[PDB]
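*Asks:* Return atomic coordinates for the entry below.
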Amino acid sequence: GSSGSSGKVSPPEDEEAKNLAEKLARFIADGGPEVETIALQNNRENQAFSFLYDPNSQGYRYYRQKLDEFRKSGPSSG
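*Replies:* Residues are numbered from 1 along each chain as shown. Shown next is the protein structure:
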């Protein structure tokens, strides 16, 4: 239960991901603590949606960002 991160990192290599990642967040963002559950719990079975877990991957990061970009809930910067 915390926020942070701010770009810096670079985008992924797999284009389909750059889209999937965004989309995911874009969607999970349209939802809340529920979508992040069904979307995740479900994504689990799905392999393509590995960028959600796979930390090593850069997509994961880029994905989260979009999540914050959309979510928009925390007047913090630093």
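*Asks:* Based on its surroundings, how many neighbours for residue 7?
*Replies:* 10 (other CB atoms under 10 Å). All C-beta atoms are positioned from the backbone trio N, CA, C, and that covers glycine.
*Asks:* From what I see, it and residue 65 are in contact.
*Replies:* Yes - using CB atoms under 8 Å, residue 7 is in contact with residue 65, at 6.5 Å.
*Asks:* For residue 40, which residues are in contact?
*Replies:* Neighbour list for residue 40: residue 52 [criterion: CB atoms under 8 Å, 6 or more residues apart in numbering].
*Asks:* After whichever strand or helix holds it, which helix or strand is next?
*Replies:* Assigned by DSSP states H and E, residue 40 belongs to helix 35-45. Where DSSP H and E defines the elements, the next helix or strand beyond helix 35-45 is helix 59-71.
*Asks:* how far out from the middle of the chain is that next one?
*Replies:* Mean-position distance between helix 59-71 and its chain equals 4 Å (CA atoms, centre = their mean, to the nearest Å).
*Asks:* Could you give me the buried positions within it?
*Replies:* 59-68 (16 or more other CB atoms under 10 Å).
*Asks:* How many residues are close by the residue nearest to residue 43 when sequence neighbours are not counted?
*Replies:* Closest residue to residue 43 apart from its sequence neighbours, by CB to CB, 6 or more residues apart in numbering: residue 49 at 3.8 Å. Residue 49: 19 surrounding residues under other CB under 10 Å.
*Asks:* go on, the one 5 residues further on?
*Replies:* Number of residues near residue 54 (other CB under 10 Å) recorded here: 11.
*Asks:* Would you mind measuring from residue 23 to residue 60?
*Replies:* 14 Å (CB to CB, to the nearest Å).
*Asks:* residues in contact with the nearest residue to residue 69 once chain neighbours are set aside?
*Replies:* For residue 69, ignoring the flanking residues on the chain, the nearest one in space by CB to CB, 6+ apart is residue 25 at 7.6 Å. Contacts for residue 25 (CB under 8 Å, 6+ apart) come out as 63-67, 69-70.
*Asks:* With residue 36 instead?
*Replies:* residue 28.
*Asks:* if we can go back for a sec, so the residue nearest to residue 43 versus residue 24, what's the distance?
*Replies:* 7 Å.
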